[PDB]
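Here is the structure we will look at.
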Amino acid sequence: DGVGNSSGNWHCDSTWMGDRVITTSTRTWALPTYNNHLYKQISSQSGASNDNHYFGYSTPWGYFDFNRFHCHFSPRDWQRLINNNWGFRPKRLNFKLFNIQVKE
Amino acid sequence: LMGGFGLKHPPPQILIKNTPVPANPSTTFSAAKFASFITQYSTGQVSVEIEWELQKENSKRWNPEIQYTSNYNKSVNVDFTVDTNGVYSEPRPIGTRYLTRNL
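So the protein lines, in turn, are chains A and A'. A prime marks a further copy of an entry chain. Residues in the first sequence are numbered consecutively from 219, following PDB author numbering. Residues in the second sequence are numbered consecutively from 633, following PDB author numbering.
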């Protein structure tokens, strides 16, 4: 766990081995400072429709989402999925964050 | 050259023949061969069971490939299907070269 030592490798692959397929992705991200480290009450403006009124909070926190099928399937891997299978479902996932560089 | 598998020892010829059943011979001896036979034919069932070895594909191709498909557009007759008279027909020749491979 050092400065000049990699903490993970690029895994971006898909393996079909029977009744299972494992889809692995890897992406590069960038996380800025959100709200200048503040929590802020957000709401709708006072001049707005009643359907569009909201109340909530924004955080300094970012979030990772991979809730799209193209995040894990290529179009060729999606074509293998849909012309050969009557059904599919997820079983387990594995998540990693690595090679983190904080730039000032 | 017509396509296929060249075999030094191919699947052998399977030859079949009705045994000649003669009609009634003359009650005196005749050294001539029989030209009169009982007219008969045979029927039955035939089964061939071939095992084929497959070669799966390992392409790292991104975009989708050309494949043999049926068209969804409606028609009076479904392809590779009997018609209203019970006549089976094959509409087109289907080759086997649809996936791709790099040289």
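Built from N, CA and C at the ideal position, the CB exists for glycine as well.
**Request:** State the beta-bridge partners of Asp231(A) as determined by DSSP.
**Result:** Residue numbering aside, residue 231(A) sits at position 13 when the first sequence is read from its first letter. Paired residue(s): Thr242(A).
**Prompt:** Should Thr241(A) be labelled buried (16 or more other beta-carbon atoms within 10 Å of its own) or exposed?
**Reply:** Along the first sequence, read from residue 1 onward, the residue named residue 241(A) stands at position 23. Burial call: buried.
**Request:** Less than 8 Å between the CB atoms is what I'm expecting for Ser276(A) and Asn253(A), so what's the real figure, rounded?
**Result:** Position 58 of the first sequence, counted from the first residue, corresponds to residue 276(A). Position 35 of the first sequence, counted from the first residue, corresponds to residue 253(A). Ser276(A) to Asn253(A), Cβ: 6 Å. Contact.
**Asked** When you compare only the Cα positions, how much space is there between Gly236(A) and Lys692(A')?
**Response** Counting from one through the first sequence, the residue named residue 236(A) turns up at place 18. Counting from one through the second sequence, the residue named residue 692(A') turns up at place 60. Cα-Cα distance, rounded: 18 Å.
**CB contact check: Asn690(A') to chain A, cutoff 8 Å** = In the second sequence, counting from the first residue as 1, residue 690(A') sits at position 58. Not an interface residue.
**Prompt:** Interface residues of chain A around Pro725(A') at Cβ under 7 Å?
**Reply:** For this step, residue 725(A') is matched to residue 93 along the second sequence. The contacting residues do not exist; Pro725(A') stays about 22 Å from chain A at best.
**DSSP three-state assignment for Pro293(A), whether helix, strand or coil** = If you number the first sequence from 1, residue 293(A) lands on position 75. Looking at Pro293(A) - three-state DSSP - the assignment turns out to be helix.
**Item:** DSSP-derived helix/strand/coil call for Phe637(A')
**Value:** Here residue 637(A') refers to the residue found at position 5 of the second sequence. The answer is coil: DSSP assigns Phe637(A') none of H, G, I, E or B.
**Prompt:** Interface residues of chain A' around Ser232(A) at Cβ under 9 Å?
**Reply:** Locating residue 232(A) in the first sequence gives position 14, where the first residue counts as 1. None at all; the shortest Cβ gap to chain A' is about 10 Å.
**Request:** Answer yes or no: does any C-beta atom of chain A fall closer than 8 Å to that of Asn717(A')?
**Result:** The residue labelled residue 717(A') in the question sits at position 85 within the second sequence. No, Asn717(A') lies away from the interface with chain A (no Cβ there is under 8 Å from its Cβ).
**Neighbour flag for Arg294(A) against chain A', beta carbons, 8 Å** = Here the question's residue 294(A) lines up with position 76 in the first sequence. Cβ-Cβ to chain A' under 8 Å: yes for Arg294(A).
**Asked** Any beta-carbon of chain A closer than 8 Å to the one on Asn695(A')?
**Response** Here the question's residue 695(A') lines up with position 63 in the second sequence. Yes, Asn695(A') counts as interfacial toward chain A.
**Prompt:** CB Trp694(A') to CB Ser232(A), shorter than 8 Å?
**Reply:** On the second sequence, residue 694(A') is found 62 positions in, with the first residue counted as 1. On the first sequence, residue 232(A) is found 14 positions in, with the first residue counted as 1. No, Cβ-Cβ distance for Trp694(A') and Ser232(A) is not below 8 Å.
**Prompt:** Span of the beta strand (DSSP E) holding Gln259(A)?
**Reply:** Position 41 of the first sequence, counted from the start, is the residue given in the question as residue 259(A). First-last of the beta strand (DSSP E) with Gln259(A): 258–261.
**Request:** Check the Cβ of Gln263(A) against every Cβ in chain A' and list those closer than 9 Å, keeping chain order.
**Result:** On the first sequence, residue 263(A) is found 45 positions in, with the first residue counted as 1. Within 9 Å Cβ-Cβ: nothing; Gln263(A) doesn't reach chain A', min ~46 Å.
**Prompt:** For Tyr720(A'), which beta-bridge partners are listed by DSSP?
**Reply:** Here residue 720(A') refers to the residue found at position 88 of the second sequence. Per DSSP, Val714(A').
**Asked** With a cut-off of 8 Å, does the C-beta of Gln319(A) fall near any C-beta of chain A'?
**Response** The residue labelled residue 319(A) in the question sits at position 101 within the first sequence. It does not: the Cβ of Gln319(A) has no partner Cβ on chain A' nearer than 8 Å.
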